[PDB]
Amino acid sequence: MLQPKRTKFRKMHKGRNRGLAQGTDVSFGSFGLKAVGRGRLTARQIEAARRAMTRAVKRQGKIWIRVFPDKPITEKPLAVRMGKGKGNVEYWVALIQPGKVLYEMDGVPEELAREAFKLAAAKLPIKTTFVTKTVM
Amino acid sequence: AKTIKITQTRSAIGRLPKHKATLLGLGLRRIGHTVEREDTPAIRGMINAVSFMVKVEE
Amino acid sequence: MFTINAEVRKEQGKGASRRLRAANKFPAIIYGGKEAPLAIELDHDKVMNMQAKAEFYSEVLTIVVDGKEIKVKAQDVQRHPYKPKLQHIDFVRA
Amino acid sequence: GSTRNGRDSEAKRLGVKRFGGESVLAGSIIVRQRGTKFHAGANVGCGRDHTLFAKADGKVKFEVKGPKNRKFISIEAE
RNA sequence: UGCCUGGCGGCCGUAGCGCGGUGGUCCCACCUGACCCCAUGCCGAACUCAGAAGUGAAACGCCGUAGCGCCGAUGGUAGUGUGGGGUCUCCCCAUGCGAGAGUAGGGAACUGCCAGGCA
RNA sequence: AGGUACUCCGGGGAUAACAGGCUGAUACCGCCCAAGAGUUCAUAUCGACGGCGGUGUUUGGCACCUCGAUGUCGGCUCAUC
RNA sequence: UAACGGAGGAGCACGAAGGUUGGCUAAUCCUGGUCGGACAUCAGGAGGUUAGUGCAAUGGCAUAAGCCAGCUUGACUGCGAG
RNA sequence: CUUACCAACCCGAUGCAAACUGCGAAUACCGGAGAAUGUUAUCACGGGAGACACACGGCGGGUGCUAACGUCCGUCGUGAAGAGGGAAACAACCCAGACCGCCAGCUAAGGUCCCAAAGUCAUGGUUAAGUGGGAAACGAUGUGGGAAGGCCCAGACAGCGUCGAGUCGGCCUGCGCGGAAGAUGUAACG
Ligand SMILES: [K+]
Ligand SMILES: [K+]
Ligand SMILES: [K+]
Ligand SMILES: [K+]
Ligand SMILES: [K+]
Ligand SMILES: [K+]
Ligand SMILES: [K+]
Ligand SMILES: [K+]
Ligand SMILES: [K+]
Ligand SMILES: [K+]
Ligand SMILES: [K+]
Ligand SMILES: [K+]
Ligand SMILES: [K+]
Ligand SMILES: [Mg+2]
Ligand SMILES: [Mg+2]
Ligand SMILES: [Mg+2]
Ligand SMILES: [Mg+2]
Ligand SMILES: [Mg+2]
Ligand SMILES: [Mg+2]
Ligand SMILES: [Mg+2]
Ligand SMILES: [Mg+2]
Ligand SMILES: [Mg+2]
Ligand SMILES: [Mg+2]
Ligand SMILES: [Mg+2]
Ligand SMILES: [Mg+2]
Ligand SMILES: [Mg+2]
Ligand SMILES: [Mg+2]
Ligand SMILES: [Mg+2]
Ligand SMILES: [Mg+2]
Ligand SMILES: [Mg+2]
Ligand SMILES: [Mg+2]
Ligand SMILES: [Mg+2]
Ligand SMILES: [Mg+2]
Ligand SMILES: [Mg+2]
Ligand SMILES: [Mg+2]
Ligand SMILES: [Mg+2]
Ligand SMILES: [Mg+2]
Ligand SMILES: [Mg+2]
Ligand SMILES: [Mg+2]
Ligand SMILES: [Mg+2]
Ligand SMILES: [Mg+2]
Ligand SMILES: [Mg+2]
Ligand SMILES: [Mg+2]
Ligand SMILES: [Mg+2]
Ligand SMILES: [Mg+2]
Ligand SMILES: [Mg+2]
Ligand SMILES: [Mg+2]
Ligand SMILES: [Mg+2]
Ligand SMILES: [Mg+2]
Ligand SMILES: [Mg+2]
């Protein structure tokens, strides 16, 4: 479960999630799993998809995770009223915009990369698509 | 010199204050009201600001 | 051997470019040398098939625009963020 | 529970009081600032809290000058 | 008039670094002495004074050179004022404004006043 | 400085407790992917890590209706979907 | 420019830590050096403010507002265009 | 010597920031000038107040669960204090601001088969689900369109060497299908 080792501040404004992604090319491997939709990826989701990916290729090749969950999310406990300060940090997310390459793979055939990425996408709350490296 | 005719085509109810002030500067008082104004860049700028609710007869 | 047919653009900017891509074309620019840059439109389907060949990005191409032939190299390409489409190409005069 | 926050200070109404081209009388404050984001040019003084004020009547003028590309405010006699 | 140098400015990296070369009649610098005017929380290192044997080594100036910094379009993209729309957490259309980054490319500053040397 | 369940007046649904409402975190019920368990065998039967919904049934959030009164838990009688 | 929104501070200090004149320039590291060590003082180099600011944070600061020294009381009284 | 090794620094490549900034808009705001328009719409002084419980909607946000017809700000609109027409019914949405009378006319939003005023209008397409007229991940030879590709009279694909004309599966895209259980009565087009 990824999570910043330390941060300047404990809590963060909700913010919004507009725009298209930066980092839309396969930059490290040969195959990538790219986001088509918009949303949040929790650290548990990122890790559940990593495990499914890694078991499918029998821990061969190499896998990059291009996203990191650096945004803390707070929640108010059950049976607590409104007010009395911001809630407690409960988990961490990465904000995803369309076009974001989420994972990359190398050192395996394309057919196996497609199958491994399919099993991973089934763990994620956002629609995705399989991409390959381009020369330009 | 040259003049143009401007007619108000939509209501002013609920428009932005700047838009109401522009209709005032053109002299337009109601839907269907037509005024005749000199053709200057200042007049053309006022028409441009409220072009969605006026029509020009060149 | 790669030949591309193009037209000179008669309208530029955000609105004109989005109307191009909604009509299955896309804009591009030819610059370099001492000639002024030339803004052109390409048919999206034809060029998207050609650029799938790796030699598109290494060879010297020919852009036929208004009858005249121009020798160029592909210099930069803007791709759609997640669809398999092209938004723009820079061509440098060769 | 309760919060350990909830404090703030009153707003200080800093910023530019007379913009470029404005005619001012001697003594008029041109900008209030913490430290010298703007520096005093011709016919302008710098107060103890780094307020820039006109030392003569005239028109406000902003300009970038010097080796550090610093911003200066001066008064053009009118 | 041209070349070279010193001083005071304009300008504030297209003007700054690096690398390579180059200049001593003059100017500049290092330099030579110091009982002194003056100076070192010790030191004539610095500041200061009295000088002119030596050297352009350092520094400085000048010339060269893209390894850098720096500057930088065109086109597209992002955003956005107004009006309209959708499947409305986000977008699209008409119109106006239009980046940042990156690309081609540019680029080894330019200039005013006075003074001195040389031709 | 305190107490009032011995209490009292003027007010408020401007404001809580019951029931309604909005909501659906929580709860409950479906589903998707399939690590595995199941001698072998993912899918007879279970389904880890994660994902998507439905209900309005729980615990709650809100304070919109009622404070010039909308009587409570359980039992009994009678039910209806 | 609000919330029982997110984070930190004050209820002083200083006759110099104030005035002025003259001067000065940081952190950190590397190398060599008696005791001496990861770290003391010395020398050179790299570096270029990554230091400093009586005390939070922000905006400033090289012409320094940072560091050192001499002399000092303008930490003056009455007023004050704007 | 060796590393299961860990590796800071620096170099190269990739992201993220309300309390990061070597960049940086649109708007907004301040000032000056000019025309046209506006019943001085501006400023000052004086007589009289009311008000200091706001609501919803749009946009930019904090909080909450990007829950609430929730809560707290900024800004615009309407309600409040505003009737008429539309959205079945529906303060706050859309159109539009009612001085009075008319058994005249043209339009707005929204509409034109009957209830119910006006096209059972014209032309070209799509859907077969009453979809239209409630919903997701995901599933599928539904069906329309488009650009490529593989194989094929040197006989493909299916069936069983035969057989003789197409065949295969990706991509993008329009409309539909399943996923889809609730309580008085059809009851999710009025
Ligand atoms: K240079
Ligand atoms: K009492
Ligand atoms: K008692
Ligand atoms: K729900
Ligand atoms: K619900
Ligand atoms: K279900
Ligand atoms: K009551
Ligand atoms: K029952
Ligand atoms: K002093
Ligand atoms: K002193
Ligand atoms: K509002
Ligand atoms: K009104
Ligand atoms: K139906
Ligand atoms: Mg924002
Ligand atoms: Mg636009
Ligand atoms: Mg403040
Ligand atoms: Mg000397
Ligand atoms: Mg030399
Ligand atoms: Mg630019
Ligand atoms: Mg040089
Ligand atoms: Mg008792
Ligand atoms: Mg009573
Ligand atoms: Mg209740
Ligand atoms: Mg309840
Ligand atoms: Mg109430
Ligand atoms: Mg309320
Ligand atoms: Mg009730
Ligand atoms: Mg009653
Ligand atoms: Mg009753
Ligand atoms: Mg206010
Ligand atoms: Mg307020
Ligand atoms: Mg000094
Ligand atoms: Mg001082
Ligand atoms: Mg103005
Ligand atoms: Mg009050
Ligand atoms: Mg109030
Ligand atoms: Mg309010
Ligand atoms: Mg809002
Ligand atoms: Mg809110
Ligand atoms: Mg409310
Ligand atoms: Mg709300
Ligand atoms: Mg009232
Ligand atoms: Mg009304
Ligand atoms: Mg009505
Ligand atoms: Mg009605
Ligand atoms: Mg009619
Ligand atoms: Mg009829
Ligand atoms: Mg239906
Ligand atoms: Mg469906
Ligand atoms: Mg029934």
Side-chain angles (χ1 to χ4, degrees), chain A residues 8-20 22-23 27-28 38 44-45 47-49 51-52 55 64 66-68 70-71 75-76 78-87 94-95 119 121-125 127, chain B residues 10-11 13-17 19 24-27 31-32 35 37-38 40 42-43 46 48-49 51-53, chain C residues 12-15 17-18 27-29 31-32 36-37 39 45-46 48-49 75-76 78 83-84 87-88 90 92, chain D residues 1-3 5-7 11 16 18-28 33-37 50 53-54 60 65-69:
Chain A
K8 263 185 329 192
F9 298 105
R10 291 182 316 138
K11 306 179 178 180
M12 184 178 295
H13 283 170
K14 191 191 315 297
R16 300 290 185 275
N17 192 28
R18 295 187 48 198
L20 303 164
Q22 271 104 56
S27 289
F28 297 93
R38 186 183 304 282
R44 294 186 176 272
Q45 296 160 359
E47 158 80 344
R51 283 169 192 178
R55 172 194 310 115
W64 294 260
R66 303 273 312 272
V67 290
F68 189 91
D70 59 337
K71 180 183 172 57
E75 292 180 331
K76 270 202 171 314
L78 204 63
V80 163
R81 307 208 152 141
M82 296 289 100
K84 328 293 186 193
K86 194 157 171 86
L95 290 184
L119 300 167
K123 314 294 182 184
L124 305 179
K127 192 147 320 187
Chain B
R10 298 173 189 279
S11 172
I13 300 165
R15 307 305 176 175
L16 291 169
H19 289 160
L24 183 283
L26 287 168
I31 296 173
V35 297
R37 297 293 174 236
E38 253 305 290
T40 72
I43 302 294
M46 284 196 274
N48 172 238
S51 57
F52 62 92
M53 53 175 302
Chain C
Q12 327 201 147
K14 183 191 292 212
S17 301
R18 293 184 178 194
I29 187 79
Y31 54 79
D45 273 337
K46 302 174 145 343
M48 177 81 195
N49 290 329
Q75 171 78 6
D76 186 66
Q78 292 180 13
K83 286 163 186 178
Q87 306 244 284
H88 189 256
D90 288 22
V92 58
Chain D
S2 71
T3 189
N5 305 315
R7 287 167 310 280
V16 173
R18 297 307 257 286
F19 294 83
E22 296 202 49
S23 292
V24 300
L25 302 184
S28 299
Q33 45 174 9
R34 298 289 170 251
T36 53
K37 184 175 300 104
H50 304 297
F53 59 96
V60 174
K65 309 190 91 23
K68 309 246 199 63
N69 307 319

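Numbers restart at 1 for each chain; the letters A, B, ... are given by sequence-line order, proteins then strands. Just the heavy atoms: all of them, side chains too, but no hydrogens, waters or symmetry mates, feed the values below.
Across the P atoms, F/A48 and F/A37 are found 15 Å apart, a figure rounded to whole Å. Rounded to whole Å, the P atom of E/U25 lies 25 Å from the corresponding atom of E/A46. For H/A180 and H/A135, the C1' atoms lie 8 Å apart once the distance is rounded to whole Å. Here the separation of G/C68 from E/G41, taken at their P atoms, is 15 Å to the nearest Å. Comparing the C1' positions of H/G24 and H/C72 gives a spacing of 32 Å, expressed to the nearest Å. To the nearest whole angstrom, the two P atoms, one in H/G34 and one in E/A78, are 43 Å apart. Look at the P atom in both E/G23 and E/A34: the space between them is 35 Å, to the nearest Å. Rounded to whole Å, the separation between the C1' atoms of H/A122 and H/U112 comes to 15 Å.
Geometry at E/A34 and E/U48 meets the Watson-Crick or G-U wobble definition, both required distances lying under 3.5 Å. Pairing status of G/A46 against G/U28: a Watson-Crick or G-U wobble pair, both distances under 3.5 Å. In this structure E/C19 is paired with E/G64, meeting the Watson-Crick or G-U wobble definition at both distances under 3.5 Å. Base pair annotation for H/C163 with H/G84: unpaired, by the Watson-Crick or G-U wobble rule (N1-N3 plus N6-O4 or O6-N4, or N1-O2 plus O6-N3, under 3.5 Å). Between G/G8 and G/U25 there is no base pair of the Watson-Crick or G-U wobble kind with both donor-acceptor distances below 3.5 Å. Under the 3.5 Å cutoff applied to both distances, E/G51 and E/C31 qualify as a Watson-Crick or G-U wobble pair. H/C177 and H/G139 make a Watson-Crick or G-U wobble pair, with both donor-acceptor distances under 3.5 Å. A Watson-Crick or G-U wobble pair links G/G54 with G/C12, each of its two atom distances being under 3.5 Å. Base-pair annotation: G/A43 with G/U31 meets the Watson-Crick or G-U wobble criterion (two N/O distances, each under 3.5 Å). No Watson-Crick or G-U wobble pair links H/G164 with H/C11 with both defining distances under 3.5 Å.
In this entry the base of G/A16 is syn relative to its sugar, with a glycosidic angle within 90° of 0. Applying the 90° cutoff around 0 to the glycosidic angle, H/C153 is assigned syn. F/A69 shows a glycosidic angle within 90° of 0 and is accordingly assigned syn. Using a 90° window around 0 for the glycosidic torsion, G/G37 falls inside it and is classed as syn.
With H/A35, E/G79, G/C4 as the candidates, the nucleotide lying closest to the side chain of B/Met46 is H/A35. Closest to the side chain of A/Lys123, out of G/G6, F/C49, E/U77, is F/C49. The side chain of B/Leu24 lies closest to H/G38 when the candidates are H/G64, H/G38, E/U77. Checked against E/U82, G/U1, E/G102, the side chain of D/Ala11 finds its nearest nucleotide in G/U1. Comparing H/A96, E/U80, H/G38 by their nearest atom to the side chain of A/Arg18 picks out E/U80. Distances from the side chain of D/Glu22 to the nucleotides H/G97, E/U77, H/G31 place H/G31 closest. Out of F/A35, E/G75, H/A96, the shortest distance to the side chain of A/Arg55 is found at F/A35. Among G/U1, H/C76, E/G75, the nucleotide with an atom closest to any side-chain atom of B/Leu16 is H/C76. You'll find that the side chain of D/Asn69 is closest to E/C12, out of F/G51, H/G77, E/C12. Of the candidates E/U103, F/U26, H/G61, the closest approach to any side-chain atom of C/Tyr31 belongs to E/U103.
Bases of consecutive nucleotides H/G82 and H/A83 are unstacked, their six-membered rings not being centred less than 5.5 Å apart at a plane angle below 30°. The six-membered rings of H/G146 and H/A147 are stacked: centre distance under 5.5 angstrom, interplanar angle under 30 degrees. A stacking criterion of 5.5 Å and 30° is met by the six-membered base rings of adjacent nucleotides F/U45 and F/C46.
Pairing partner, E/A119: E/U1, with both Watson-Crick or wobble hydrogen-bond distances short of 3.5 Å. In this structure, E/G6 and E/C114 make a Watson-Crick or G-U wobble pair, each of the two defining distances being under 3.5 angstrom.
Using a 4.0 Å heavy-atom criterion, one finds that D/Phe19 contacts the bases of the nucleic acid, with or without backbone contacts as well. As judged by a 4.0 angstrom heavy-atom cut-off over every strand, A/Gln45 is placed among residues touching the sugar-phosphate backbone only. No contact: B/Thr40 has no heavy atom under 4.0 Å from any strand.
Using a 5.5 Å limit on the distance between ring centres and a 30° limit on the angle between planes, the aromatic ring of A/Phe9 does not count as stacked on the six-membered base ring of G/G6.
Atom-to-atom, NZ of A/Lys127 to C1' of H/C138 comes out at 9 Å; the value is rounded to the nearest Å. Atom CD of C/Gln12 and atom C1' of E/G98 are 14 Å apart (whole Å).
Mapping A/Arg44 and A/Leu119 onto RNA chain F via the closest heavy atom, the residue that lands nearer the 5' end is A/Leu119. Comparing A/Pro125 and A/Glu75 against RNA chain F, the residue whose closest nucleotide sits nearer the 5' end is A/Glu75.
Note that the CG atom of C/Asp90 and the CD atom of C/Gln78 stand 7.0 Å from one another [nearest 0.5 Å].
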